[PDB]
Every structure is written in C-alpha cells, then in structure tokens.
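This document starts with one chain, in the form deposited in one PDB entry, laid out as structure tokens.
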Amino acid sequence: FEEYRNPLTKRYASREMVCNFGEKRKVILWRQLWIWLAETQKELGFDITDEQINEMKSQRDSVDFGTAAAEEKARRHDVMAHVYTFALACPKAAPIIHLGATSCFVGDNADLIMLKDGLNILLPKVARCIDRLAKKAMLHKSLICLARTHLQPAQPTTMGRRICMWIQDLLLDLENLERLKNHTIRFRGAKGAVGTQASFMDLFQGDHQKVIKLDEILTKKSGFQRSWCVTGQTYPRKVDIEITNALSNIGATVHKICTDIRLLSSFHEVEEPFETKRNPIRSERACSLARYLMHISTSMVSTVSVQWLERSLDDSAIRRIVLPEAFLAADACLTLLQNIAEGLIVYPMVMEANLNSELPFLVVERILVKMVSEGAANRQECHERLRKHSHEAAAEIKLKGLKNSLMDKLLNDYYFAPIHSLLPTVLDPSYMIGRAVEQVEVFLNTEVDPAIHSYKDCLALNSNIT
C-alpha cells in the first residue's frame, strides 16, 4: 500500500488482460519460442534429439526468477539471463537453447503473440457491447423522443434510432480490430541482428532453402499466417501505430457514447445502472479512461519516426508502458460500456413530456410553409399567429395536461382552414420521425447481425463493475 500502483492494473481492467502482459507470460512464451525453435531445426535434421525437446516442454511453465535476476544484475542482458536460467533447468538442451537466434527473436515474437492475444481478449468485449446496445435499440425502436442538435431541441427521433448511431461506431471499431488480428500483425520470425539472416546461414552452411523453411515452419507453430521479409532488427514499429490508433479510436467511441448518456441524464430521460440522488458515475469514469486511451497513441507515432536505420533502443522502455496500458485502458472502457448498456434505464414518460413541451414550436416552420403556398400573403402575420397558438398551447399542455392542445387550437381557428385536413398527420409524432423505425430494422439485420455472428458462442457473459 506504500508504493504507487496504476489503477488500470489494480482496479479498472480485467484480470485476464492484466496477466496477458505479465512477466510470467513473457517468459513462458520465451520458453515456448525456444521449444518451437528446437522442434523446427530438429525437424530440418539437426543434432537435436527428441529427448531435449520434451524436457523443455516439461520445464516450460516453471521459471527460476532468482537466477534470472542474478544474471541480469551481473551482465545486464535480460534475454541471455533467461537462456542461461532455462539451460540450468534443461541440462540436456543447454547447448541447443537459443541456437543461432538473436535477442529480438524471443523479445519481438513474444510481444507479437501478446498483442494478438490482447486483441482476442478485446474482440468479444466489443461484440458484447454491440449486442447489448442492439437489444436495447430494438426494445426502444419506436420509443419516440426529442432529437438534439447544438444541444437544443430538434425534430423527433426514437431512442432505438439514436442507439444505432452509437452501434455504428462500434461496428467500425470491431472491423478495425479484426483486421489488426487477421491481417496487419505479421510474425517476426528468425531474421538475425539486422534482418539479413546472416547468422542462421552459418548454422545451415549457407543453405538458403533450410533458412527460408525455418522461417516458414516457425510461423505455423506460432499460429501466424505470414512473416515480414525485409525487417531491420525488429518487426516494423509501424505495426504499433496501427494497434494504438485502433485502440485510441475505441476511446473516441466510448467517450462520445458516454458523454451522450451524461447529457441525456441531465434531461432525466435515461439513468445508468447503480447499486440497490444518483449521478452518471460510470459514464464519467468511462470518459476519463477513454480520454487517456485517446491520447496514448501520439507516443508511438513519435517513436516510429525516430527509429534510427536498422534499430535504435529508444523504443524499448516506452513500448512496455504504452502498449500494455493501451490494452488495459481499452479493456476497462469496454467493461464499463458493457455495464452501462446492460443496465441503462430509460424513462418513457419523461421523454414524452420533454417531447410534448417542444412540439408546438418545432412544427411552426412546416405549417407556415404550407400556409404560404395556400395563399398566406402575410407571412409575418401568419408566423406571428402561429407562434401565439404554439406559445398558448405549450401552457395548456404543462398546467392542464391537454396533450392534443395545438391540434384543437388550429382546428378552431379557420384562418388555417386550408390545412385543417392535413393537420392530424402533420401533427403526428409517428409521422415526424420519418424512417427512424425502419432504419433500425435494416441496420440490425443487414449490418449488426452479420458483424457479431461469429461471436454467438460468447455473447452471454455479464460484465460486473467491482
């Protein structure tokens, strides 16, 4: 309790994401890359038995961090401290551990595996947020409410129609995160110190084919589909820009959605879930973490821009901060957003009251236009006469509860007789919303359902705020 701890790791993100970048995960993946490196070169006919491999396999999860810190505070080599620590627990394999590979073989490829597994943790949570909002969207598909532009009252829409506006942004984020996992991220493989594979060629007597095969077989055992061909020392750091840009994009989406909910809470039309007077505390927390996620990407674009030639180590420290925290911040935002979506309470009576109080004034443009075409040669008089009816109608609605007030007023004033027969539809809120209901139906069937169909066997998790 005496040392500071980032609340992203201790409070806000899920346990699975926190462990995905843990030091134990890094070493177990380091030892898994050595097992794959061995069973790939042993596959290409080399002085590696099957006896050394299973001993590696049997001693993968266990790790002696004591000797690792002893070698790390002596020669100051994190990789070689673990190629020696692993050699102590694998006496038969020791000469054939990390055979021919450079340090970035275990460092870069393990980071790539962690980034991929990180996306596989986030993807179901994006789809869950989509699923929860989509259910609410068709629940309130016809719940008529006031639209707001400039934070001022505008023509009617429906609450479900507004939620689809939020879902659209999440669909773009799901698309981006799926392309990162399935296309953008490639394997680093075995490339040497400067990407020329000069050191692996010596181990294979200058046989280009076994060296190419070495990089091909390592890509399958790692679960990747291809690998970069012309790297320097590391995988092209531009990949880290693509990752954080997509994560920062999620932050922008979450910040807009939760700001909208905070705005709608001030109108008393919605209320976020709480524990069983109340403030939108969860949407506010989601905005703060989303803002932090939004701006974390500028560190990577500056880092990539100053990578010197074949490599420069000024990316090492910042990558172990920004990459895990971006994933931790994205994980915490989507956890909160799924909460808010699952428990968001809407108030139909408040929406109708706020709607009824503004409809007398929203309609004065459209009726005045129709009156002018019917012969209203005194446009200012006709407008002033309409504004008087609307102002008096808004008073009768509030104090007397007469909802159909403006209808009766204009029907009793035969100044507006040319449009008496058109008023029952002109004044119908179900007419003013346009195609709002049908737009929800097409959007859910044509775009939402295909996007999250592959996540059907993992949409059931209820996310809880603790």
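We number the residues from 1 along the sequence you see. Shifts are known only where both forms have a C-alpha. Rigid core: the largest C-alpha set superposing within 1.5 Å between the two forms.
Heads up, the form deposited in another entry isn't pictured, but that's what we're talking about next.
Position with Cα shift of 2 Å or more, rigid core superposed between the shown form and the other one, options 266, 298, 209, 380
Only 380 moves by 2 Å or more at its C-alpha.
Is residue 433 displaced by at least 2 Å at its C-alpha between the shown form and the other one when the rigid core is overlaid?
Residue 433 C-alpha, core-superposed: shift of less than 2 Å.
Determine, after fitting the two forms on their core, whether residue 37 shows a C-alpha shift of 2 Å or more between the shown form and the other one.
Residue 37 C-alpha, core-superposed: shift of less than 2 Å.
Once you line up the core, how about residue 315: does its CA shift reach 2 Å between the shown form and the other one?
False for residue 315: its C-alpha shift is below 2 Å.
Quick one: with a 3 Å or larger change, is the residue 377 to residue 432 CA distance smaller or larger in the other entry? Answer closer or farther.
Here the pair is farther apart than in the other entry; there, closer.
Given a rigid core superposition, which stretches of at least 3 residues have all Cα atoms displaced by 2 Å or more between the shown form and the other one?
Residues 372-428 form the sole shifted run.
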